[PDB]
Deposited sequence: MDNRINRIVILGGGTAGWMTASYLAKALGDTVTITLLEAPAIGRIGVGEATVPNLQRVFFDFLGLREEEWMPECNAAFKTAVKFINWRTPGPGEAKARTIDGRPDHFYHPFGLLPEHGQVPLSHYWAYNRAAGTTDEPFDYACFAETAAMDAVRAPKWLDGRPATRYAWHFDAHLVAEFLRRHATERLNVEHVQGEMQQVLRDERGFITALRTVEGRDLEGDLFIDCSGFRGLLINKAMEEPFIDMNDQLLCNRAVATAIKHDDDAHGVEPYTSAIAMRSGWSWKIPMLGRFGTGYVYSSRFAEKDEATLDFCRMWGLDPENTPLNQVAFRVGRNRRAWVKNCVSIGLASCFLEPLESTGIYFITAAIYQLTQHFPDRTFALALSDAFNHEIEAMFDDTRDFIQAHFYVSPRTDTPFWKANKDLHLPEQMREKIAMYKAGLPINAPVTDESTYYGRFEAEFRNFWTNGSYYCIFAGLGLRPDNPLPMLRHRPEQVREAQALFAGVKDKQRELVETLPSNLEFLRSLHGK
């Protein structure tokens, strides 16, 4: 009667085929879906399996071997506290290497107080100088030991996500969507966008003559935004005043994994005018220098990038990419919904690209319209997308704002940018000893249901991982702890349990290389 009958997806990369697969599984044979289609590594977050691949019925043992996928236990931040050149290895500060981890999972609590706050109490008490991540996360020792996140037979050990080749994932999903979910793939470019009297898109015209008619249209055309920006004329909110990076130079490097294994984490390596990612996979790693054009020249960044990896810049294939940092004013206008780069983009500092797509796809089915296109459905969708993006945007900027580096104009200028009021409050709260967005559920519920994580994506553990990782600690511990000395004494058993877990994980887990060879061999 009024149900959507036909959906047309413009764009055939990761965003397009994730959208085509998920909507085709959700809607079944009730909707015709057609996609019009005209690697330096990518990292993800743990919810990708339960929200996406589990929805499609795809076990990790099936889709991982077909995309050269590898495991991610954390993001490791390197040289964000010490001045110097852009180098792959961590510098030394206070006898330790200048690195810290941002693992997944939720911190345990004693007395409804996160473990981070007991670590901060012991740092203030002067009885320990251990870093926050090594005291509260057992995953830190495993990643140093380059362990897999699971035993070879599948026994679980630590919360993990995935590194993979985005092109191979897109091809896997295309072969899934077309062979199993009746999604129709159409080659060729888009000649014109047909609109009716109200401005709603009515069909996409190919260069051959074919109208791809539909009731709902999904813009997955990447930075080009052929539908949402060009056709629908929705303006883009440039946010590069707040996040200065807007360029990247990237490549693939073959890696002899038998020398030092395969790191089960994404690296984020501080540079003179930005930061470099390192995304390890079996036999090779993807890497890219993200920098600000306003502080480094193209050739400068290119040479800095090659110098860090010992690459010959004259005989090295390089991707030179310019970024659009920000989001559309509205992600969904009339019957056009933008997903992926067509909607918004942030530098991949905390690996939120696939998550932004997965979240936009989930929220789309939660607000799925009919041909009436009730304004409340797209308004509520746009608010969820807008709040999801701005929250992560402010979180990423705090990595630069809180870093103590002032040695280059770039690092120093980040301290001169306007700090958003809500992040100002979070830093003031953290300094007063308060938790920031402490988790209200256990880890099973958090990762079990997507709406629980969505409403609290960056928890207290994450703000402590970044703030304490960058050397910022509370002015004083949580004041109530000075009234609960028995809690402090009891909570120390939690630190001894982490040390117990660190010993057994290093001593019994297989290497990350061993698991990848079992999975891909």
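- Stretches of the deposited sequence lacking C-alpha coordinates, numbered from 1: 1, 40-45, 529.
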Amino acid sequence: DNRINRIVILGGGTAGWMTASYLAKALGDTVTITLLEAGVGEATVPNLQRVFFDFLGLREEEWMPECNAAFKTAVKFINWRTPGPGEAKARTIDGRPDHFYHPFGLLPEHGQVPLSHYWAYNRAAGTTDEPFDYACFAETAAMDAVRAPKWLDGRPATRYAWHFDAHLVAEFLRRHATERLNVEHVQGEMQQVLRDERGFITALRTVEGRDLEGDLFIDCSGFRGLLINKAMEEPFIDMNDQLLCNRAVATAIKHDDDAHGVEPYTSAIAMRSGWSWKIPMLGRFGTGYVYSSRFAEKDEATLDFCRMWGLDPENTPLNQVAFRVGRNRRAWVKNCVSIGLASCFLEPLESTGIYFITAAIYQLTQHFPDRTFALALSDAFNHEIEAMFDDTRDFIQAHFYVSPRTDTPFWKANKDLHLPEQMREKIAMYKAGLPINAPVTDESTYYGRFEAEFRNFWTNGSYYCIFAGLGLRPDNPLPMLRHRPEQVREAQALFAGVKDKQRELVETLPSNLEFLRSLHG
From here on, numbers count along this sequence of modelled residues.
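- Looking at 192-200 and 163-171 together, the entry lists the larger mean B-factor for 192-200, computed on C-alpha atoms.
- Mean CA B-factor, 175-183 versus 428-436: the higher value falls on 175-183.
- Highest CA B-factor among the listed residues (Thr365, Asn240, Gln397, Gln422): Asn240.
- Among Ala250, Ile269, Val207, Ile228, the highest C-alpha B-factor in the deposited entry belongs to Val207.
- When all modelled residues of the chain are sorted by CA temperature factor, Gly222 is found within the lowest third.
- Annotation for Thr73: C-alpha temperature factor in the middle third relative to the rest of the modelled chain, per the entry.
- Among the modelled residues of its chain, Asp98 has a C-alpha B-factor that falls in the lowest third according to the deposited record.
- Among the modelled residues of its chain, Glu66 has a C-alpha B-factor that falls in the highest third, as given in the PDB entry.
- In this PDB entry, the Cα temperature factor of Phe305 sits in the bottom third of its chain's modelled residues, the lowest group.
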